[PDB]
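Next up is one chain by itself, shown in structure tokens, the form deposited in one PDB entry.
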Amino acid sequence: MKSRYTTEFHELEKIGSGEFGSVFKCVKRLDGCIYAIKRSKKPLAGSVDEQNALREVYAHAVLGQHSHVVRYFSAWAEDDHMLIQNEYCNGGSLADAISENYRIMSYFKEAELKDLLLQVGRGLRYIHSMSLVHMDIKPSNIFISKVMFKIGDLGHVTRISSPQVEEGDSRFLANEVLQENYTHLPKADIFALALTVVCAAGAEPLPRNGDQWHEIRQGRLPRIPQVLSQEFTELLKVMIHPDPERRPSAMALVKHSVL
């Protein structure tokens, strides 16, 4: 053996795990810097799963110049593994910040929600300008590094006009995508970003299915435990409109008067 991973990096700790492998905080020996490295089992060459694994790499290889998307450094294969070395964000995930806030009953305030929405919105405007869509926006895929929010986990990225898509987290999924209608994919990322902001505003954990799931898809915002300006609430509402054409594009969101 004597892995590139082992020889080039000192592994500090495990920071994420899934049915997609694990992510480790590592120090690169030569440059002294800390990176996040995802190490996953290598798919059978030529398989659909390998195509999917490589999309992640290809998406990272083209989305590496934006301040609101986690930067990519390198990727390689060794052993029975594929590895991707990305920028490390020392503030943890948005999900973890929201979970801590939940317990302490002190949520993101309106100014902070607007900042989150604008920052990730800029990240989305960049991804969408590249004719790509993220397809899995949610708090556990947004990382924190003035606070800076960055979109990570490009494992569901695909081209905007793709006839096949892999569905992102059910809790943030727009109905049209579930219905296999891929005519306005970028608006699916907008819908998930609004629900992401709702979670940051202190809402109860989102439904995975059932009656409350359908209600949100009818364009009804979940209850938020704080008073928000009507103008801001209306923007979140239009972002989950049942008609994807009514939702703002990422460009329109970033230029929105409310922000």
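Numbering starts at 1 and runs along the sequence shown. In this text, rigid core is short for the largest set of C-alphas that superpose within 1.5 Å between two forms.
Deposited-sequence gap flanked by residue 140 and residue 141
Count of unmodelled residues in between: none.
Quick check: 14 to 22 versus 235 to 243, which has the larger average CA B-factor in the record?
Per the PDB entry, the higher value belongs to 14 to 22.
Between 51 to 59 and 37 to 45, which has the larger average Cα B-factor in the PDB entry?
It is 37 to 45.
Compared with the other modelled residues in the chain, in which third is the CA B-factor of residue 167?
Answer is highest: the recorded C-alpha B-factor places it there.
Taking only the Cα B-factors deposited for this chain, tell me whether residue 101 sits in the lowest, middle or highest third.
Lowest third, going by the recorded CA B-factors of the chain.
Once the chain's modelled residues are ordered by C-alpha B factor and cut into thirds, is residue 159 in the lowest, middle or highest one?
According to the entry, residue 159 has a C-alpha B-factor in the chain's lowest third.
Third of the chain's Cα B-factor distribution that residue 68 belongs to, per the entry
Middle third of the chain for residue 68's C-alpha B-factor.
Cα B factor band for residue 215 (lowest, middle or highest third within the chain):
Highest third of the chain for residue 215's C-alpha B-factor.
Omitted here: the form deposited in another entry. The next part is about that form.
Tell me, which of 226, 52, 233, 212 is the one whose C-alpha shifts by at least 2 Å between this form and the one not shown, with the rigid core superposed?
By this measure, the answer is 52.
Does residue 200 move its CA by 2 angstroms or more between this form and the one not shown when the core is aligned?
No, the C-alpha position differs by under 2 Å between this form and the one not shown.
Quick check: residue 105 between this form and the one not shown - does its CA shift reach 2 Å or more after fitting the rigid core?
The answer is yes; the displacement is at least 2 Å.
Please state whether residue 37 has a C-alpha shift of 2 Å or more between this form and the one not shown, with the rigid core used for the fit.
The answer is no; the displacement is under 2 Å.
In the other entry, whether the C-alpha atoms of residue 105 and residue 223 sit closer or farther than here (change of 3 Å or more)
The answer is farther, because the C-alphas of residue 105 and residue 223 separate from each other in the other entry by 3 Å or more.
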